[PDB]
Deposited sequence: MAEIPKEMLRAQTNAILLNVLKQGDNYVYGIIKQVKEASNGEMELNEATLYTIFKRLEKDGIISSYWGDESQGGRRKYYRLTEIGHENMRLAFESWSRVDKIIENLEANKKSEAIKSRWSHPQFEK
């Protein structure tokens, strides 16, 4: 499901930035390496995603050094990742509790 691929890619890209400011080609290599070559991101895909995240204030950019454009997770972005991770833990709990409670009937 397209809805899901998008989410997972975003998930990953934010984790990369959560590990350090980086530029598009560095991000691509890092992901290709952490995925054992299973996820080879196109440049244009990253620009698409980052344009949305920059508009929503979840990331921002700036010039580094060979002059590269760097991307960073904002404070809001670290906050969304935190809210997200928490909300999903509760969800996994509630699922366990559904099972538990169902069996006790």
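- Residues 1-4, 70-73, 114-126 of the deposited sequence, counted from 1, carry no C-alpha coordinates in the model.
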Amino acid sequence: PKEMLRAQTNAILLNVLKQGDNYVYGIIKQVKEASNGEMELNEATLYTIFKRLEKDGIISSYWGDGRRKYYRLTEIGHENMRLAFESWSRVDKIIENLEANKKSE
From here on, numbers count along this sequence of modelled residues.
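- In this crystal structure, the stretch out of 88-96 and 14-22 whose C-alpha atoms carry the higher mean B factor is 88-96.
- Averaged over their C-alpha atoms, the temperature factors of 46-54 and 75-83 are higher for 75-83.
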